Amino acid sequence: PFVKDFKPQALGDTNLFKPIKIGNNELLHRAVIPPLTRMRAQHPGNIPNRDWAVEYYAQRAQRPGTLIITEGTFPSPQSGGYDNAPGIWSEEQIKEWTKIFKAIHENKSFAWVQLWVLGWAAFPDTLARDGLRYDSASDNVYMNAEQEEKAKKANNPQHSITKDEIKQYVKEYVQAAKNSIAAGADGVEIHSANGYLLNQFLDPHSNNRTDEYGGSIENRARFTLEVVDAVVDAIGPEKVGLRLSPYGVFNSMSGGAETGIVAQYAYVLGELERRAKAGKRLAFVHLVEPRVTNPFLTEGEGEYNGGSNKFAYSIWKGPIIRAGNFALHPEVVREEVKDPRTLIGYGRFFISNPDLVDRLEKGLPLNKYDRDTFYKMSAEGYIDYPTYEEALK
């Protein structure tokens, strides 16, 4: 069951096992569950899975004081376009989320909803079935030839969203954030990473707009910062986080090939620190490491060695969550958690190790993960990974 080419290291003696306050939540350790889409939500409805989702989250909440960031969750139908990712717009969805949050809170852990808006990564034929637009920054740059063929075959060509449609998305983020908090979530994370709609605005490849949402660093950051401002004004800065992937190439983003990419992200972080100095500091910034430029590639592939997220620490002075290939690299974690405001997100190995925090504390072998069940409508590879003690039996 265990990864064979990995020699574990106990991290119990590091800042990974020191408490830290994040927003309203007193974490007992700094191992974070990053958002992990599992495609078990039910359709019609985009309902969090009524058989399994509670169990899945409860298992991973088992170490008290754990911050859990939910899978990407759609604020509205128009935000979506994947049938088996959950939403948080409807009473049927909110009923299931409430049970999830209850389960996480019964284990004295924390639940943060990631708010996800797809843009050009949506399936345009699924959107067309539901009478929805296929939305992005650009009126003419497609994510790839496959997306362009699907959009044209469905007569659902990519729509460059207008100012009024941007404002509607901001209102949907706000309402979805309020639904999250009312249902019991500890906070929300705004997904501005991995090539989805807000990242499509930030990135100069995807954004060739000629209005105030494109054509400059400041203009490409506008949508992301309007969402952050609206959600912070609605629910409070202590209940809001942001996720960015400066070096990501997933979903046809530029990454380090774009020489202006660090300036673009530096500007976003500077504007967050400016808000913080005005009394509105976000709970955290969540950065994907250049260790993982594409989460569809195996650990050690799609590594970008040309850049680092260290710049972020000179600009943003709040908590930073870093994710990307850390589970198999405790020697890297031991160095990175020397910084007293650094938390570590563990994605793939939290899929396969519900007791990952115990295993990092004590230096236990890790369960291998089964990539074939990352996105399958199955309990198998979802709620049937064993704890270390179960694995030894």
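Each residue number is its position in the shown sequence, starting from 1.
Higher mean CA temperature factor, per the PDB entry, when comparing 188-196 with 136-144: 136-144.
The stretch 147-155 shows the higher mean C-alpha B-factor when 246-254 is compared against 147-155 in the entry. Among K95, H286, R281, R222, the highest C-alpha B-factor in the deposited entry belongs to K95. In this entry, the residue among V337, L36, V357, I68 with the greatest C-alpha B factor is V337. Among all modelled residues in its chain, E301 ranks in the highest third by Cα B-factor.
Annotation for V292: CA B-factor lies in the highest third of the chain's modelled residues.
Among the modelled residues of its chain, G363 has a C-alpha B-factor that falls in the highest third according to the deposited record. When the modelled residues of the chain are ordered by C-alpha B-factor, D83 sits in the middle third. Per the PDB record, residue ranking by Cα B-factor puts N179 in the lowest third of the chain.
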